[PDB]
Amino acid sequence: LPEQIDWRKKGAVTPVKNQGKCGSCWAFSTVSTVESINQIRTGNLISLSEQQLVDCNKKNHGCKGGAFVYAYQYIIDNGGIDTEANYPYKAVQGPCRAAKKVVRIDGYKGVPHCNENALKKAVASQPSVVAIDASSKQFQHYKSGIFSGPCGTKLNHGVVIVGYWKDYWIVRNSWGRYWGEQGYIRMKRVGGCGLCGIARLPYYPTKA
């Protein structure tokens, strides 16, 4: 497969977003991969609604956390997801409003655990969600360069891998542009379960 890929360079990734002070990383990462597969398939780049998920996804827990599988499953079950414009983000949970089904997906697949080759194969197809230990201070204060740790493998933050180079993953965070490299962080590729456990629980939506 390609030595390097960057979906941002292919117009598959929307501008960086800020989940603000609400534990919704499960929504932002999930929605981003949806926005991505949709553009890759339809040629349309559309910003989708995290808030919808936050409000209408019982299986997950609004600002109190969530999981990849359920998010995807929701979007699928619900028959589609609405745009960022009609259902803006509020950084605080609320009653499920009715929403327009702008974008739809057919399924989602898991990438084999702690297998960075498989993950490379997946990212080469389309951006993917991953869980990382984002609890270390070094990571939280990461500003630039190829981050190589330290960070454990305790899964607590959800992000997206939008591309890669020979020795690092191009990760998209949901903390705005004033964190890392204009919102992104280049995480070294170290095999095993990966840096901060980045290769522990990867996934990507599917659209036929």
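Start at 1 with the first residue shown and count on from there.
Asks: Averaged over C-alpha atoms, is the B-factor higher for 31-39 or for 151-159 in this PDB entry?
Replies: Higher mean C-alpha B-factor: 151-159.
Asks: Comparing 124-132 with 99-107, where is the mean C-alpha B-factor higher?
Replies: So the stretch with the higher mean C-alpha B-factor is 99-107.
Asks: Using only the C-alpha B-factors in the record, can you name which of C56, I170, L45, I146 has the highest?
Replies: Comparing C-alpha B-factors across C56, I170, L45, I146, the top value belongs to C56.
Asks: Hey, out of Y164, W26, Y70, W179, whose CA B-factor is highest in the deposited coordinates?
Replies: Among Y164, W26, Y70, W179, the PDB entry lists the largest C-alpha B-factor for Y70.
Asks: Based on the entry's values, in what third of the chain does the Cα temperature factor of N117 lie: lowest, middle or highest?
Replies: Its C-alpha B-factor, which the entry lists for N117, ranks in the middle third among residues of this chain.
Asks: Taking only the Cα B-factors deposited for this chain, tell me whether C22 sits in the lowest, middle or highest third.
Replies: Top third by C-alpha B-factor.
Asks: Divide the modelled residues of the chain into thirds by Cα B-factor and specify which third, lowest, middle or highest, holds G183.
Replies: It falls in the bottom third of the chain.
Asks: Which third, lowest, middle or highest, does the C-alpha temperature factor of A91 belong to within its own chain?
Replies: CA B-factor rank for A91: highest third.
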